[PDB]
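These notes concern the structure reproduced below.
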Amino acid sequence: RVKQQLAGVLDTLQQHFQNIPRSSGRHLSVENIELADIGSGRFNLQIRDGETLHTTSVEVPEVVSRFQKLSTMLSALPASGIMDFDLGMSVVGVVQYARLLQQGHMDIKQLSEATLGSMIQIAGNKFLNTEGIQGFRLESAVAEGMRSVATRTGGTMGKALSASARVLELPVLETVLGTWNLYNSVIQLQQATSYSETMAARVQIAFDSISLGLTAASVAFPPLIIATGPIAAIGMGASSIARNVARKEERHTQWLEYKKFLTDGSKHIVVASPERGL
Amino acid sequence: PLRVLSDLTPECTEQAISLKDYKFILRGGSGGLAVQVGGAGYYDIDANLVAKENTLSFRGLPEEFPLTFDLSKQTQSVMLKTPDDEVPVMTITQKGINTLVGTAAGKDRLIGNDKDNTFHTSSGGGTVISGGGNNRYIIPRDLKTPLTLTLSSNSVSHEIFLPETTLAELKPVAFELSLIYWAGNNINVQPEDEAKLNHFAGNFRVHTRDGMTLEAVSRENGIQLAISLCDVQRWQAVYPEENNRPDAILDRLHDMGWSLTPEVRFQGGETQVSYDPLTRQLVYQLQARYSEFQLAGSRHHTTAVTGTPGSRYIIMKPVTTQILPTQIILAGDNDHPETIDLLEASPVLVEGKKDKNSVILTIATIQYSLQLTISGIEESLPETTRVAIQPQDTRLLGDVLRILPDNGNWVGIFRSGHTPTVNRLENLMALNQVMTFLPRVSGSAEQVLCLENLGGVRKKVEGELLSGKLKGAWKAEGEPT
Amino acid sequence: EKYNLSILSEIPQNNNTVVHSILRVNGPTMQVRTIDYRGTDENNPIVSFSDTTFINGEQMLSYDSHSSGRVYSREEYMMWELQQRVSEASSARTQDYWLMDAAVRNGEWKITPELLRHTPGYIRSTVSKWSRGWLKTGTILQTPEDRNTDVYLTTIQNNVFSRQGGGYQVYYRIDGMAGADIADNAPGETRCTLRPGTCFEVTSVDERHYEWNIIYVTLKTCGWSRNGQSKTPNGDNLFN
């Protein structure tokens, strides 16, 4: 349903954009980001494209109705106790998609999908933050929602939401923001994939990354340390020449023994192995 | 530093007392720090809490050397038991140590701080006092004296590792959180109070050399340890002879008698497995596209496999009576199909009924029987997947479920005897001036060549054998050719 | 398998832009190559290929040069032939039938060297994980030294290119067959042996069926390079 909704809004924005030429990419700049009408999804699209142009009329009533139903469950927090996990996967997917596209950062198709994701983000800021706080965070909101769901209904779904929310709160893993993103870049640029397979690739990486995040699969094993051994260090090899000095004999022999002791103690002061490291 | 206190000889003790006046000052960074004591002296540890770990090793101490230590206090000394008196041999002033490593085979009595600690308990016995926060423990095998882990009031969890101990040597005890051996010094665990054991729900983790992971759980009235996570790769590493087939290890654990957690995660090998003892249900989770899988039934539990778009599922011969039904879930697309069945094992009778958005197949061999349930994530079962019954009878699932009615009544899909098992089906219109070859199969003596006309006019083949021996032509079951 | 002749013809294409067509006989394949010479430039003449195999034992066949086959290059044509072979195409079946017929001419099942000289070889292998776009044209692959790898000549009857194993299925079409000794095979199976330590020169790795876990590779035998790595980056052995 996200596939079909995004395709519909994509063709809507494309037929809205025809009035001005594409002029490569990044030129539209989608300066206006405001949802004028909640019910009809009257997203204001000021597609400047250099000159004065405001295609601020567009019909996006697809995702916003979902978001309204989301705020509905949220308001039903003290009035209902029906477990709702499917919107659970819905939110953990839309927010992770938004963060993935924001971090990833030109064809209009992909340039537009980024605008749809940003619209998702601002709409979430809208209903999730009933008041206005500049420090509003989406992960805090989904954490509060999962806490309410777990308190209302407990069990395997509760730990599933806790794991998913905690993983989403954690920053995107370096490999997740790494290998898959430039993998998609290679498969979309060096290989001439059209819009459909690239779009499917984006959604499949997003959803399976959420799926692997919400599940746990790892092994831990502390390293073993035993019998850490320096050299023998008998201890009688030093401060013992004086035992052979007090023999009631010539003082010069004792002196030369002492200087020999000082020499043999100052010929191996430091020995280092740069190749070994120690 | 140097090993100046190794043995209990008088000379080593003499040099220890003579050199104990030495001073060491250590100022490490956040990248990790590992200090070792030389056996005698004054130590000034200046570490930082930002560092992940800061280990202080006592393995340089002599064997069977009883010592006590406390991470809470900054300045302390170690009472070396010199002949007829005690001498301060360590003078430790720590600032950022979070790891306390004991001796090799000596008595150790160490106390942690109110933060995370990691202990390397010596293989000599003693009494370990835990601290607060999160504490890890590492204990080798063959102790000399039972250990007594004193849990703290402000601690939140405890995890224990046994890098040289397999589960076969452990023994379960009901309503006893402590660990009991079969032949050896058992380890007892107890907090400052015996009332708040319930606080350690999901907080008491135990590992094993073979890969087994033990986890405490509260029952309706008490507390008992059980099994949650298992490693199958490391179990093969320690047992290379036994089969990496999860239900085998499952029944081994059942024989040993260990209880199980409400949900069990089998991790390792190439797939992941979820097991529930309450529902007695073993589910597999496939994630590799086009991966051939051996699906085997069992009498002790119900088996279910969730596939990927392209994998092929294999059904082998059942071996024991009363095999519980098995289920397959199809993730196939409309252009990546699955060979959901490779029923070449023993297809004597194959029947099916159509249940709600699913197909229930009964596969009966000469004496045994098996029940399979084909379904899919999509509400409508795909009609592209292939069902292979005979070596040359590979039909489509669409034709199959078109055959079955909606009443739910069984319909015979395949029965042997009516026709022989076709090893090579060839069409007459494609037989003109051609040369047919069949591979050699050991024994069998059943290599047939079914010539299907489907032409409408009588045909005549004048062929000669280049290699083989023709054993007549089949007409009916139990009748010589 | 004895004829191995070539036919030269010239076609007055349009008014004066004539083309030269070379016809080659390979059992059931009527190979044609069309060079346009000065159509674009004196050198670099665009070439195309098409096949007109006798399928279903037919007697007539017509070639109108505009409905059977498109403009292809040498490597593209070889890869197309491999794609036909791996799929259950009538062309591959006819070629295998003709080869088996040619094997039993003298009365027994013996494969003469001049029979190999006329036909390519085919291998299949399985890979646990295949990097998407790691192998490029002009690389040099090497057959394992500890083992003595085997190659086939017919893949339809022998049931070789069936989807066996789990993972990436890689098919190999080798052109140069001289030098690989014939294994002592049963009367009805064809199998040759490839000397261990024999380099191959990869040409035109095509991966358009990557989403189906299918990879096609066309190799050309070379002498002895011994210059660089010749295995997968992950580490699983080729020629399984």
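Here, A, B, ... name the chains of the structure tokens in the order displayed, residue numbers run from 1 inside each chain, and ligands are numbered from 1 in the same displayed order.
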Practice item. Please determine the contact residues of chain B with respect to chain A at a cut-off of 10 Å, counting only C-alpha atoms, and supply them as a ChimeraX atom specification. Key: /B:1-6,11-12,14-16,19,36,38,57-60,101,103-104,118,120,122,136-138,140,161-163,207-209,211,213,229-231,263,265-268,272
Point to revise | Within 9 Å of chain B: residues of chain C, using only C-alpha atoms, as a ChimeraX atom specification | key: /C:56-57,94,97-98,100-101,104,107-108,157-159,164-168,187-189,211-213
Practice item. Write down, as a ChimeraX atom specification, each residue of chain A that has any atom within 12 Å of an atom of chain C, counting only C-alpha atoms. Key: /A:183-184,186-187,190-193,197,201
Check your understanding: From the set A:96, A:164, A:215, A:102, which residue has the shortest atom-to-atom contact distance to residue 114 in chain A, counting only C-alpha atoms?
Key ->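 Closest candidate: A:102.
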**Study point:** Residues near residue 281 in chain B, cut-off 6 Å, only C-alpha atoms, skip fewer than 6 positions along chain, as a ChimeraX atom specification
**Key:** /B:275,301-302
Selection above as a file: N, CA and C atoms, as a PDB file, in the first residue's frame:
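again.pdb, freshly written:
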```pdb
ATOM      1  N   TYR B 275      11.546 -22.072  18.849  1.00  0.00           N
ATOM      2  CA  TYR B 275      10.882 -23.215  19.452  1.00  0.00           C
ATOM      3  C   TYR B 275      10.068 -22.779  20.658  1.00  0.00           C
ATOM      4  N   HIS B 301       7.072 -33.172  18.145  1.00  0.00           N
ATOM      5  CA  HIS B 301       6.689 -31.770  18.018  1.00  0.00           C
ATOM      6  C   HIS B 301       6.176 -31.515  16.609  1.00  0.00           C
ATOM      7  N   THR B 302       5.589 -30.335  16.428  1.00  0.00           N
ATOM      8  CA  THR B 302       5.053 -29.895  15.148  1.00  0.00           C
ATOM      9  C   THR B 302       6.075 -29.004  14.457  1.00  0.00           C
TER      10      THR B 302
END
```
Revision key, fill the gap. Using only C-alpha atoms, the shortest atom-to-atom distance to residue 366 in chain B among B:318, B:405, B:191, B:39 belongs to B:318
Exercise for review: Please give the complete set of residues from range 146-392 of chain B that DSSP, run on the backbone, assigns to strand (DSSP E), formatted as a PyMOL selection string.
Suggested key: chain B and resi 148-151+155-161+170-171+180-181+188-191+204-207+213-218+223-231+260-268+271-276+281-285+293-295+302-306+313-315+326-330+339-342+349-355+358-364+369-376+386-390
Practice item. Determine which residues of range 5-226 of chain C receive a DSSP assignment of helix (DSSP H, G or I), computed from the backbone, and state them as JSON, numbers by chain. Key: {"C": [37, 38, 39, 74, 75, 76, 77, 78, 79, 80, 81, 82, 83, 84, 85, 86, 90, 91, 92, 93, 94, 95, 96, 97, 98, 99, 100, 101, 102, 103, 113, 114, 115, 116, 210, 211, 212]}
Point to revise | Residues near residue 239 in chain C, cut-off 10 Å, only C-alpha atoms, skip fewer than 5 positions along chain, as JSON, numbers by chain | key: {"C": [123, 124, 125, 126, 127, 142, 143, 144, 147, 148, 149, 150, 151, 170, 171, 172, 231]}
